[PDB]
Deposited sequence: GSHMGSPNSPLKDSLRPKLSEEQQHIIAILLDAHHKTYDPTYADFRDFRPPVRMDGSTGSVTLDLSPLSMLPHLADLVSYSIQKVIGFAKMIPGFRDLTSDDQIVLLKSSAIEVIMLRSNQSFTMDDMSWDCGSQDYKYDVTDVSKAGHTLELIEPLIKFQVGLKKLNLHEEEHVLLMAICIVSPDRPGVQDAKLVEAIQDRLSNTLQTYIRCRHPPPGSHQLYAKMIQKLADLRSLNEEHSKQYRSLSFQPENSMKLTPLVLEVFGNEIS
């Protein structure tokens, strides 16, 4: 059932993820150092700005993405950026202590670190529950990278102009994912896996909404906006 075109799409998305996700976390030394109010805001703002650039690199390699206009590519990335970053960070999240382990003690982030960047339990509690539930899915890397692409290319993002073209690109990705689960994911892990994965996308939309709320309250203080980066201000708002 898995056509050669569908196998082609998976190979590209796997390669795109490997070219944009460094599992050594080497570049983290270039950030402003972490201090453990809002002592973690400089470091974590540098982390998000770094990851936005990686999300852009990944999106450019999604089949069909560069058939969209630059206006549509911009609005899809603006809307999905924080969702894809939260989804990507599942690779560093660990159940042993409910933290994001990125190679060393300096770059291990727990719930208190996120709150030392200006965010509250309104976001942190659903965020942790998202990371746990995603880990319980035990996704193949093939499914992990397909979910990242489906999240970016969604027709209902605000500001989309050629939703019909966005929908066509997403449908080709969704059919690849559904057929992949069918032929390559054995039961019982296969059980309603596609529906469970789309529920995680719905979880990410809610997390996106709460983050935007807390970001605007954060960046409304000029002393806080001083600590952000120019790319973060362009993407998330000034």
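Counting the deposited sequence from 1, the stretches lacking C-alpha coordinates are 1 to 17, 54 to 66, 269 to 271.
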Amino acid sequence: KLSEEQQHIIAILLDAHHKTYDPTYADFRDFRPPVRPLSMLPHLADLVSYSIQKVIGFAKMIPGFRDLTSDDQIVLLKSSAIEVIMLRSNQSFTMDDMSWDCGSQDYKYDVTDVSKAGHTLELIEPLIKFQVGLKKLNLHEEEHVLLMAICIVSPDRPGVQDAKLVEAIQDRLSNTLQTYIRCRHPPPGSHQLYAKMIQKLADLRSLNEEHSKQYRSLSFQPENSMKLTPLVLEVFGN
From here on, numbers count along this sequence of modelled residues.
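We call the rigid core the largest set of C-alpha positions that still match within 1.5 Å between the two forms.
Farther from the shown form on average, by C-alpha root mean square after a core fit in 9 other deposited structures of this protein, is 182 to 190, of the stretches 182 to 190 and 202 to 210. Looking at 78 to 86 and 95 to 103 together, the entry lists the larger mean B-factor for 95 to 103, computed on C-alpha atoms.
According to the PDB record, 192 to 200 carries the higher mean C-alpha B-factor of the two stretches 46 to 54 and 192 to 200. Across the residues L127, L165, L134, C151, the deposited record lists the maximum Cα B factor for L165. Ranked by C-alpha B-factor against the other modelled residues of its chain, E142 falls in the middle third.
Ranked against the other modelled residues of its chain, the C-alpha B-factor of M226 as given in the entry falls in the middle third.
Sort the chain's modelled residues by C-alpha temperature factor and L2 lands in the highest third, per the entry. Annotation for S217: C-alpha temperature factor in the highest third relative to the rest of the modelled chain, per the entry.
Ranked by Cα temperature factor within the chain, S39 sits in the highest third according to the deposited record.
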